[PDB]
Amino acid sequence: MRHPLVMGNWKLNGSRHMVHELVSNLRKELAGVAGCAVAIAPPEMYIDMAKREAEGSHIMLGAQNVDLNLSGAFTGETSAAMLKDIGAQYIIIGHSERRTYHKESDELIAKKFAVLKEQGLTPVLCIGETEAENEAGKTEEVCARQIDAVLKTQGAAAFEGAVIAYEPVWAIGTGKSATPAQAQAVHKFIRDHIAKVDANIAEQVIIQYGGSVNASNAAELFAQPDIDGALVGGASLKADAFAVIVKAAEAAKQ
């Protein structure tokens, strides 16, 4: 029932030249793709440009973060109202890089979620456990805590039209691997957790895998019933590699 979504998180990579080349190449590589939705999140200053270059394609826009205010005396902040105005749809919040580097709390990320829903934007809520948490067997505990920050304060209806990306931080560039079976176990837990509150809402949430995915990984991952796509890091900077993942998602969901 769930239409897959593959989203490219460019992280801190981009330039006028790069945006033109990558978006152009993405359109070409994604020709004929109909069975998987596609979004990209360039650095904020390139969203407008990327949106322009994406005309004629099915590539949707997004962003890498948002702050809490819509307007006012908040020098250097990002407004959900302005993201909407410039045409970004899918807004990444709570990425592990921000939770760690910028000490973003569960409570803060939940507030970001609320402002996005209020504006009618799509949160891509990133959740996931550390090396120590995984080793301690606290995967489920951590994921539930990070989800509950929204679910307990905003209700199950907050997740209508929302996306969750599970990041196995313990497995990302660490020497440790996470299997499709292991990913499916977590995705299943996440959906079940929401279902305890509202089964209908749980059934429609898009749960993306945010761990390492490549051409060797994609088909086995996307065959899993509770994995609805992928939030892609480094591979999103190469049109061919990114399109391989998109096409694998399309093929797996048939």
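Note that residue numbering begins at 1 and tracks the sequence as displayed.
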Mean C-alpha B factor from the entry: is it higher for 208-216 or for 43-51? 208-216
Taking the recorded C-alpha temperature factors, which stretch has the higher mean, 5-13 or 239-247? 239-247
In this PDB entry, which of 123, 175, 87, 128 has the top CA B-factor? 175
Among 119, 100, 79, 146, where is the Cα temperature factor highest, going by the PDB entry? 100
Would you mind checking where the Cα B-factor of residue 139 ranks among the modelled residues of its chain, as the lowest, middle or highest third? highest
Residue 180: CA temperature factor from the record, placed by chain third, in the highest
Can you tell me whether residue 114 has a C-alpha B-factor in the lowest, middle or highest third compared with the other modelled residues of the same chain? lowest
Assert third(CA B-factor, residue 169) within chain per record equals highest
For residue 38, return the chain-relative third of its C-alpha B-factor as stated in the PDB record: lowest, middle or highest. lowest
